[PDB]
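Before any comments, here is the structure.
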Amino acid sequence: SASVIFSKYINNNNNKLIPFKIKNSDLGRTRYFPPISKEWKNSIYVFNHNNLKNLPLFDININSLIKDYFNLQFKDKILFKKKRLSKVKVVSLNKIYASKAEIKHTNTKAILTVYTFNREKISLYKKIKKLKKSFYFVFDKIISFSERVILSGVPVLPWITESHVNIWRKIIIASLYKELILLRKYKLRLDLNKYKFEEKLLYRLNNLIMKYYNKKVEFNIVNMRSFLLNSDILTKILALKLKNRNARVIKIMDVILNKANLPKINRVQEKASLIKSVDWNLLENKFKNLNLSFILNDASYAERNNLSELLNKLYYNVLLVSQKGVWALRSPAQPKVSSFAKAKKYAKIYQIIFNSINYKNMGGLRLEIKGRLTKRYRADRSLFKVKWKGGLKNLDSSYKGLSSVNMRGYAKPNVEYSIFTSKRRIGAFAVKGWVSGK
Amino acid sequence: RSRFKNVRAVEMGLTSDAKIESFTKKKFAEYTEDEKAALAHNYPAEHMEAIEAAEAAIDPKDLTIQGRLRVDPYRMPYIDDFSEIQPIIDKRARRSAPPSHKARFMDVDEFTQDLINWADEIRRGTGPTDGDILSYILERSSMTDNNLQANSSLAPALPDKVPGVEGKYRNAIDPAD
Amino acid sequence: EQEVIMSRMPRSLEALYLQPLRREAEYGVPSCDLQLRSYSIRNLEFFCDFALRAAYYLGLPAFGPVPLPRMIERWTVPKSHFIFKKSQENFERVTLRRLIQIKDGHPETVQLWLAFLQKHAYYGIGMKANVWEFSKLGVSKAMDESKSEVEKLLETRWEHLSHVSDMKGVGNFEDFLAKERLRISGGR
Amino acid sequence: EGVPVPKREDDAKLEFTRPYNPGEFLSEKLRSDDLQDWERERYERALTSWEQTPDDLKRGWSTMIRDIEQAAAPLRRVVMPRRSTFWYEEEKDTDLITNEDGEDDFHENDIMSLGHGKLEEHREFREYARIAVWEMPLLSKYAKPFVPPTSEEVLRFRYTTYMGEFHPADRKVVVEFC
Amino acid sequence: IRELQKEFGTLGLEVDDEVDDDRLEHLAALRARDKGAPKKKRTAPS
Amino acid sequence: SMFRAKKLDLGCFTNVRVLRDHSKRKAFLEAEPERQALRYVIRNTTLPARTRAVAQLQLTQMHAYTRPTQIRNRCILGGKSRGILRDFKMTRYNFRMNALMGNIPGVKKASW
Amino acid sequence: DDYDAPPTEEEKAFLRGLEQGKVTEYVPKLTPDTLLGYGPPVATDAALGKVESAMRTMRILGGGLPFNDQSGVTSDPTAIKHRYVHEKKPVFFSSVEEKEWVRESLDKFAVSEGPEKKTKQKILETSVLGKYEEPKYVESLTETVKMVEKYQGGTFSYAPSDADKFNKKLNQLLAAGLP
RNA sequence: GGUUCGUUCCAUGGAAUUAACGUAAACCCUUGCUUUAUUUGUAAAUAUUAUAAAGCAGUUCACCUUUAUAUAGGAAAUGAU
Ligand SMILES: [K+]
Ligand SMILES: [K+]
Ligand SMILES: [Mg+2]
Ligand SMILES: [Mg+2]
Ligand SMILES: [Mg+2]
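Chains as they are written, first to last, in the working numbering: chain A, 1 to 438; chain B, 1 to 177; chain C, 1 to 188; chain D, 1 to 178; chain E, 1 to 46; chain F, 1 to 112; chain G, 1 to 179.
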């Protein structure tokens, strides 16, 4: 028989049956749910709150640790750069600009996101690319010209040991020392800039950051094309520019705004509202009875029983070649992939994903500078300049009337705000920056 | 007693149990011997073991009594096998080997030997071509790791013309200025 | 060398576009109570469907997701760091949670389910599971007889730990775990 | 100790101060200043091979190194910063100074940071859809069916887990019998 | 940062401590105008 | 002074009183079982009158840092002790500025 | 004459493969072994739950880091060598590949192949078998020491070391209050 | 000059055309309704309290009145809701 206590959990069965009701009311489309990691820097929930009270402080320790990690550079004695002695503090802008980190926590690991603007590669890649292609073609001849002379007798082999290769390599270096250094100077500087985003060096930083969270940290460094698509990177570039005593404040702001291109827009259609009307193309209104039994039981069309056929008429299938009704598969070490992965064309897929993403295009920009920014070394009144281009409004809600999801209860989902604090020789000043997405 | 309601099953005419089976064999029929063989010839062995086990787990009788359409905001907006890892829309793959903590940057001597070894590697198929010198500045390692192609943590880039962004911007600054 | 017209896509791929199927429990005795928590809903509402799918393949009849009462902690702080107290503002921290209850599930199969969710856990979600299991009397004997059975399953897993001969840094073994578990959990 | 002083004793000594040819290079090496006896024969035999070469080949080498010298000419040229420059306004590293033309233009190949959050959120959906289509079906091969408890199963223990977390309440065990 | 300079200092990499480098530059400026700290007295007042 | 570690072990905002309260938390951690025994003997009315009077005198000679009532939570960003929220280890103001910026997870501006 | 030719279509096509990526493979693999280490450390009758509570005991000795067999095989050899040599404490490797990476990265650094016998029994004793010390029942109230053990043995708040500091002071007071 | 809760809207001016912020919209709670989920909440139950994710809803329709014919407003327990 069965246990008595086992029966004491069967009688308590008052479950409510799933009714499979049919919808008789038209449904609208759901709001645009912005990403979750953009609300709070740490997307975390821990049951023991003792692993949650120090994150606001670690955010400052990790940020300063990532900032100094992307600023790493070779020692001038390693590349033979002949450092020019100057006690003055250098202000270099051609480097990697990183933003504030965003961490996705789990009970197993943490994914750290940071948007970088690599300005050091924009100059290094072009500089090394100027080296004529003949350099590599002419060098290849020295390898053949030196083997027929040094590694040969009368004008790899079995009677050629490695001891002679050593002396054969120094002869080439003895004549091409001043040239191999130039190439090596730019080759290492480019590779260092490349490894900072690879595991060759990111595994060392993880060991440092792993000591704060006690979990392996995976990186998601994103590369930015223009430094205006992130307020964190924007407010720092403008700050480093203003630190110079002779910096023209009002002029440095105009050169940055001039670089912020806004898309062409129709001020009428942009501000025009939306009329509430039922969208019969939505998958919720198309089939008011989502049960496959009714949908497939020859409701309107006949012989559409195959569930695959029903889905092909609703979603864009990539496996199909004609785009509808045909999945003809050929019938009778290399990478383990399907025999049609190359035939698949992700042309309309990209157009579906990126069209379902809001706040892509830049449509607003506001810069604020405040503090002691005079030129002379005396007690003078504070300064405050303001420049803007575009609007920081949420068009989808302020004009169209659509419902939006504000972040943290008050903040708009399309604006990014960041502040940077620095100091001149006379006092402190801050740089506030806003950036909105259309 | 059951967990669902039969209200949606009696309308279509599936009161009898035998009539419910005719709805599955006619609409949720399993793969034929030919389709199975043809389907196993395109996918590798590991990808096929997941399909043979799915058709045995998901029985067709469930799809008829409770099979519903997905209309939640988390469903995928398109159909795809998800067999491979795509360039842009998928997370970057990690199929490389771990680095060497004992390896350091190459000096003038080691740098030449690596450059010479590269001149021979390309001279084994004149001189280096555009595809070779370009694969030397961006893919050739500069450390003593035996030309290790580490796995990068850099997120995949976006298309050369992002849909929804292209076709709306005009360069304010003219290069002629 | 011929083209076979496939009649449909694999059921594994079609089921991804249908509501997560659910097995039917014959008895209805709860075998697990998974409570998911998060400060957002889009990650919690998604992982809930992902979990119900894994329970279907394992043969576990899941019930949920049940929306439990959200927890709201409130704080009212002054907007100023000084005298200006006549102006304050309210803050909060809403904790949205769900409950997936499994019934008539094998104890071991329930653990493979909980093991699968921890490996592929979604960021920003917390989990707490209560596992129920029936057992006979004389637990002391059972837990001793099952020593050789567990000693075999650990034969290939002992390779994880490694230490110098006669580890002296641990000292009193039982006291080490007690005071090291506090350091790992931060006080408790 | 005391007031800190600068550290100017930092400099890398170049091996070769001027371009040496195979002849002159081996001569200075074969000068017998610091080298092993048995190794001095290798350089010796090497110098004999070079001097034996015809003058024409020696001429080609001399002109060859001068072709590379001209090939690396545009790479060591000190580019002059633009008049109204933005990035090199105070850049003291002449290596990174470039023309600056079209370095800030937008090629419509990037979205804002707020868009990258919704894009990465899709890459994660596919990662889970790839798991629900290829890895989940394999869970059924190791699943076991539920069997009702027998007459001897009188106890009902409870164990609470936190799924990879250390919580002080994960040590309690609740039992209930009839 | 000191433990970051020692982790990557073995590879020949260098990074400036903008925080400490600023503290040292300010102390040097004070001495330039004779505003630095006095000599630490290490004996009772007498 | 004898409890102040000769090597600073604080990673948060350091202060004169922050370092003074951190030295009191470590002194009590080492003396809680010993201090809990004296408090147990003073209240045990079954022990001899002399045992309770001895345990009562030893508890008075304990250093102030050993007393748990001396411990007072402080802000790890500003070092203050007034208006500290236990759930965040910060003053009410620091909690606001970090909550609005999104540094404190889960916190949200309340409106209802 | 300072002109930089625009990137050619061949160069652009090459940069895409690096930045955007290439079509790599993906081999589905899911076995109880791939899940072993992530399970719930529950003291159930099923051996799967007990084998997980013995692994959780090895992660506590190894430092307390979670079980991560999917985030690389790197580590800090300098800190693992000190903990393994100068501190003489165990080390936990989530995978054999992470163990071989520490070997080839340190100059002649050897690690033991599994723990010792005495360490395997200490793990199974309390984590799996759960052999405790039943707190005896004290009848008379004048038994101070016997009554203190009763309480100390019935709560995980008092660790074996904390119970020593308590008993040391207690015995000192009882003996100092006698004729 | 009208109108509007409102630099709201309409008309007009021998000078206007426009951009940003506030405003408005939207947001959170609350209200009616639909679908979803039924445990730890619910007597039962064919699902109706509660819990909480999404969607819809208003001054919308009807009635009365209405300037320059351009923009609208009124009625408030005995029209609907
Ligand atoms: K119940
Ligand atoms: K309701
Ligand atoms: Mg003075
Ligand atoms: Mg007007
Ligand atoms: Mg408003």
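For each residue, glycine too, the CB sits at the ideal point set by N, CA and C.
- Taken residue by residue, none of the stretch 377 to 399 of chain A has a beta-carbon sitting less than 7 angstroms from a beta-carbon on chain E.
- In chain order, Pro44, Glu46, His47 make up the part of chain B whose C-beta sits under 9 angstroms from the C-beta of G:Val27.
- Within the stretch 14 to 34 of chain F, not one residue has a Cβ closer than 9 angstroms to any Cβ of chain A.
- Residues of the same chain with a CB within less than 7 angstroms of the CB of A:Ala247, apart from the 5 flanking positions on each side, are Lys241 in chain order.
- In the DSSP assignment, G:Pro179 falls outside any beta strand (DSSP E), carrying neither H nor E.
- Per DSSP, A:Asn107 lies in no beta strand (DSSP E) and is assigned neither H nor E.
- With respect to chain A, the C-beta atom of G:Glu104 has no partner C-beta closer than 9 angstroms.
- In the three-state DSSP reduction, A:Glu120 falls in the helix class (H, G or I).
- Scanning chain G for C-beta atoms nearer than 7 angstroms to the C-beta of F:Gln36 yields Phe166, reported in chain order.
- A:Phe20 places its beta carbon 9 angstroms or farther from that of B:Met12.
- Considering only beta carbons, the part of the stretch 329 to 354 of chain A lying closer than 7 angstroms to chain G consists of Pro335, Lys336, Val337, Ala341, in chain order.
- Distance between D:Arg59 and B:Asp174, taken at the CA atoms: about 50 angstroms.
- The Cβ of B:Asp90 sits no closer than 9 angstroms to any Cβ of chain C.
- Straight-line measurement puts the Cα of A:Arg245 at about 15 angstroms from the Cα of A:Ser382.
- When the five nearest sequence neighbours on each side are left out, the beta carbons in the same chain lying within less than 6 angstroms of the beta carbon of A:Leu190 are those of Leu124, in order along the chain.
- A buried status is given to D:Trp87, since no fewer than 16 other beta-carbon atoms sit within 10 Å of its beta-carbon.
- Looking at the backbone, the Cα of A:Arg169 and that of B:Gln149 are separated by about 26 angstroms.
- Contact check for A:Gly364 against C:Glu92 fails: the beta carbons are separated by 9 angstroms or more.
- Contact between A:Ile150 and D:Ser27 fails: their C-beta atoms lie close to 15 angstroms from each other, not under 8 angstroms.
- Shown here, G:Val111 sits in coil according to DSSP, grouped into three states, outside any helix or strand.
- A:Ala239 has its CB no nearer than 8 angstroms to any heavy atom of ligand 3.
- The Cβ neighbour count for G:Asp2, taken over all protein chains shown within 10 Å, is under 16; the residue is labelled exposed.
- Contact between B:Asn171 and D:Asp101 is ruled out by a C-beta separation of about 12 angstroms, above the 8 angstroms threshold.
- A distance of 9 angstroms or more separates the beta carbons of B:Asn147 and A:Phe340.
- For E:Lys41, the shortest C-beta to heavy atom distance toward ligand 3 is 8 angstroms or greater.
- Between C:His160 and chain G, the shortest Cβ-Cβ separation is below 9 angstroms.
- Secondary structure note for D:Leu26: it is in no beta strand (DSSP E), and the uninterrupted alpha helix (DSSP H) holding it is 22 to 29.
- DSSP, read as helix, strand or coil, puts A:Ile96 in strand.
- Between F:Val18 and F:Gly79, the C-beta spacing is below 9 angstroms.
- With a cut-off of 8 angstroms, the C-beta of A:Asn12 is classified as near ligand 1, since at least one heavy atom of the ligand falls inside that distance.
- In the DSSP assignment, A:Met362 falls within the unbroken beta strand (DSSP E) covering 362 to 371.
- Taking a C-beta cut-off of 9 angstroms against chain C, the contacting residues of the stretch 291 to 310 of chain A are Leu292, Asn306, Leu307, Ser308, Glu309, listed in chain order.
- Assigned with DSSP and collapsed to three states, D:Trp134 falls in helix.
- When DSSP assignments are scanned along the stretch 39 to 82 of chain G, no uninterrupted stretch of beta strand (DSSP E) that is 3 or more residues long falls wholly within it.
- The C-beta distance from G:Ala43 to C:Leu154 rounds to 15 angstroms, too long to meet the 8 angstroms contact threshold.
- In the three-state reduction of the DSSP assignment, D:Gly117 falls in the helix class, which pools H, G and I.
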